[PDB]
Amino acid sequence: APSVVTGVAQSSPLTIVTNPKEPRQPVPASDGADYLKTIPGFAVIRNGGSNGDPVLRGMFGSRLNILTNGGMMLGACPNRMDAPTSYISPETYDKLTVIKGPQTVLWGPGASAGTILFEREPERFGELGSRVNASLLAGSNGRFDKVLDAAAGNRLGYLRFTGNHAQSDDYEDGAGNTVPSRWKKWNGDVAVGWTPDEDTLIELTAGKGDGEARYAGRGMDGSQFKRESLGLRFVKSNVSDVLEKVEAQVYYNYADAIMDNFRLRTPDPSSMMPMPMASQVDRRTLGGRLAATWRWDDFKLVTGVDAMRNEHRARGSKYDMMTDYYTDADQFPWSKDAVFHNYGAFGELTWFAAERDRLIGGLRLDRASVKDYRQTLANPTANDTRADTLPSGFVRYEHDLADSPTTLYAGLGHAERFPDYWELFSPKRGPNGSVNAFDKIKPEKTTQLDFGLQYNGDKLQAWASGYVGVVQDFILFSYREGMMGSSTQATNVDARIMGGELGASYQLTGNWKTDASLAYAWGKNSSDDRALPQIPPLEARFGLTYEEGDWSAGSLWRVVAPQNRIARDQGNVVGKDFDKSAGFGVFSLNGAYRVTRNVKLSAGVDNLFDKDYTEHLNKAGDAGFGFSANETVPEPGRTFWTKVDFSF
């Protein structure tokens, strides 16, 4: 029976696995963050119509470790207008995996909050054959998506093409105002795979993508988000009796971004930027991974190394005051400001004691350097390099109850994250006493305890996952004051965090089903005896479902508490806290019909009751567009969408 997705269970301890090709009930804006909105734990900062910044249990930014096909794609805007999830079209992947908390060491450094894994799976052709999947979505406000996934091959290897094109106009809020929010996005990507015998795979991949998006939050819109990307991966299997797998992969991703104030808006003569202005930035990322999995019937061991160089450059437009001329950014040389390296080694080990007891541990050690290539701002850290060695690891114990189909789990984790591009270069001020941020921001050290349970019964599925943690040298942003616009200062503080997520799924009759989910996050700034900023409020979802093995309808109610813990004028590189937030409820409806084996119809109405509201985390709306300099960007009002999936 064909459904429409509205939440995801925790399928295993701390681990959520979904297929991002299923329709989702608050229809996602064709980016990475909106596909995480359905998973309890995740909030999204809103910037406009798309390209939100994702947040997991209140943690922001590089604390989330988002990988696409094992590789890592970093954007270039100093103010994270193109966060790593903005280059992702989840409709083109096949699997989405979320691992909550510092509880894997297999996928790179600094995963304090969690790991997110969008991946393509290799084809499985036997005889000579072909396969086409395609989808079309029309919705309110000029929403149109077009998605294609096609492949061909036999048992010796395959060609696969995936690609999408998606766009929408400005949406409107619960009060009929239109919000600066149009966007456009395309992606094209090729993969060639060689399977010379059943144990061997060599796959080669490349693609490009591009997009634009109007940003209600910011003083500039994204007129270009160019992506060029390349990858190679080698996998052998059954190398020996113990050696079960050897994986090597190299990835190259390149981001090339243009933000300006004149292509998607007109400059605004009251603001700090009253003339046409364009900012061009790029980000070149090269990395790879080598890994061996060993298996001997009571133990599994995975050992590997991984590396990563990333480079960052900028160049602006000019504008002559006495001529009204305007020279563009591409008429000038790129100016490097930062290069980052990381090398790491890792080991993860599982013990299958009995069949109701499981022990997992992992360790990883990291060498992480950054060089500051800025010559001026003169620059007291010009051409300075700095590094650190960061041990990280975790232990998880899982035990199944002999009685019921219940699983309990507890785990302890410790993660050290080196500061990222935004934490060292983007803040105009560093800590009191510092020459700048690059010199003094210390790495972040998180120590967290994760616990929860699973119940998979006949009519009743349920899961919970809680966390408690301290964070030493949490990298906090303080906007505090303005002097020519708002300027930030990065600092290090100690903090306490705690929260959890739970959910439940009950089968009423054979056709009727209802589910629920709750998500909480709490955070204290222990160094200053106040709350942590940018924490989302407690939130709850209720769904009702009718399936008749041919077609289904669904109802959804999202209920969100107010947030009364705020730390005004503090936050991250993207947003600051200003006001306690109002709660709200939003109701939604969906159906689905299987027309034939190949053609599946879906449709929904989002926010049926046209609620006027704003999430706590959304950006502070511009004021060049009519906002009171602090009101946050409003969520869309009533919206309809319809989608056809065909798989011939």
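One-based numbering along the sequence shown.
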query: Where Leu508 meets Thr509 in the shown sequence, the number of deposited residues left unmodelled; finding: none
query: Entry-level comparison of average CA B-factors, 599-607 and 616-624, reporting the higher stretch; finding: 616-624
query: Residue stretch of maximal mean CA temperature factor, 327-335 vs 481-489; finding: 481-489
query: Residue with highest C-alpha B-factor in the PDB entry, from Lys445, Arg143, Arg429, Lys100; finding: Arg429
query: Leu106, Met275, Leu363, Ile497, ranked by C-alpha B-factor: the highest one; finding: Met275
query: Modelled-residue ranking by C-alpha temperature factor, third containing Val8; finding: middle
query: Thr545 CA temperature factor, ranked by third within the chain; finding: middle
query: Where the record places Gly571 (Cα B-factor, split into thirds across the chain); finding: middle
query: Ranked against its chain, the third holding the CA B-factor of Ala152; finding: lowest
query: Chain-wide C-alpha B factor ranking for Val370, given as lowest, middle or highest third; finding: lowest
